[PDB]
Structure formats: C-alpha cells, structure tokens
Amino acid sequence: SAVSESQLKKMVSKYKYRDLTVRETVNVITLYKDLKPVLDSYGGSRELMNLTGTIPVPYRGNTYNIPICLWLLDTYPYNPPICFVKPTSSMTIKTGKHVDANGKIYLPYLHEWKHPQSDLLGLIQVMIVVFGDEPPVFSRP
C-alpha cells in the first residue's frame, strides 16, 4: 500500500513542472506517512493532484491528526497549493484568522510563496506550528 513514482508522474502528466512536483510530493509523503496523493476533480471543474490525509498537530499536551487537503495546481511549485481543512462527521471547522467559512487555509507562508525557498515541507511545518496554537477544527461536543 504505497504509491510508486511512476504512478505519481502519470498523475501530473498535464503539469507544467512535472519533475519538481513529483520530487516534492515524494518528500512530503515520505515524511508525512498519513498524506496520500490522489488525482481528483477540483470543484468538479478539472483534474488536479492533491495530497489528502492528516498531519500530526500537538495541542495542549495531545497530538491530533488534523484532516487536510493540499491541491497542487498545474503551476506548482511556482504557485502555492490551495489548502483546505477537511472536517469529518465528528468535528466542525473553526473559522478564524487562518481558516475561512469554506475551510480554506490562509497563511503568510502561502501569501508570499516563492520558489524555490518556499516548499510543501516548509508549509506543513508552518501548519503544525500555527494549528498547534489555533486548531482549524474541533470535535463536536
């Protein structure tokens, strides 16, 4: 149950920067075992690859597996990913500074994104720190 680089290259066939996107995706899924690459229709408009799953976020002495979806545009890594928190039936989205009504994530890291200094490993690192202070979702009481 693991994705081969070959399968990843096929998923980004229509991408403008393929090797770069594959390279970073491999890095991300290797370090974050709970994120999985999936080719899906973005908003039912067009196919793009995204990293789906959870990232470990420590909050008040406990670690939570926050559900997220990182959409890699066909311009990745030159343009930042479009990121969303994805609440399950047992939780709700906490709208605030870094999360809007739709669960879309907003971070300075994304706003000033610039290749090659900016990357997914850096972005996820930021999310763990930022969400650790302000969770993007909470379990339903």
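Don't overthink the numbering: it's just position in the shown sequence, from 1.
- As listed in the deposited structure, the average C-alpha B-factor of 118-126 and of 8-16 is greater for 8-16.
- For the two regions 73-81 and 23-31, the entry's Cα B-factors average higher over 23-31.
- Reading the B-factor column for the CA atoms of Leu51, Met91, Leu48, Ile105 in the entry, the top value corresponds to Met91.
- The deposited CA B-factor of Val57 belongs to the middle third of values across its chain.
- Sort the modelled residues of the chain by CA B factor and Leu110 lands in the lowest third.
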